[PDB]
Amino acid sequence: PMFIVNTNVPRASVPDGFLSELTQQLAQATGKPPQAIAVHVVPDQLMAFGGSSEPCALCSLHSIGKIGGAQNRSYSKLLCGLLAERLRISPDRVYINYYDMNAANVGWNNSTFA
C-alpha cells in the first residue's frame, strides 16, 4: 500500500515520527506488512478547499485489494484522526481518494505483482 498526503501545513508542523507512525498504523489497518507500506508527505502546498485556505489535505491510498466500502470508512476515520491529531487539520478539510489496484498494474523490483 501507498499513502500520500498533500497539505498546506508547513514543513515545521509535521512531527518527527509522522512517517513511522503512518507506516505502522497503515500496516495494522490494511493487514499488510510494513515492508510493503510506502508513505509520502508533501507540506507547504498552495491549495484551497471549499473556498478557504485554512489547513487542509488532499490524500490518496492505493492498495492491491483491501479497498472497499467498509474498509474505506474505517481508513477514513483512522487517517482523518491522525491528520487532526498530528497536523491539526480538521477532518472536514480532508479528501482521501482510494484506489484498488490490479496486481498487474503495479511495478516493483523489475517486474509487477501479477
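When you see a residue number, it is the position in the sequence shown, counting from 1.
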Higher of the two mean Cα B-factors (88-96, 12-20; per PDB record) comes from 12-20
Temperature factor at the Cα of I67, chain-ranked in thirds, falls in the middle
Tertile call for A29 (CA temperature factor, within chain, third-based) is the highest
Temperature factor at the Cα of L78, chain-ranked in thirds, falls in the highest
Temperature factor at the Cα of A36, chain-ranked in thirds, falls in the middle
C59: C-alpha B-factor third of its chain, per the entry, is the lowest
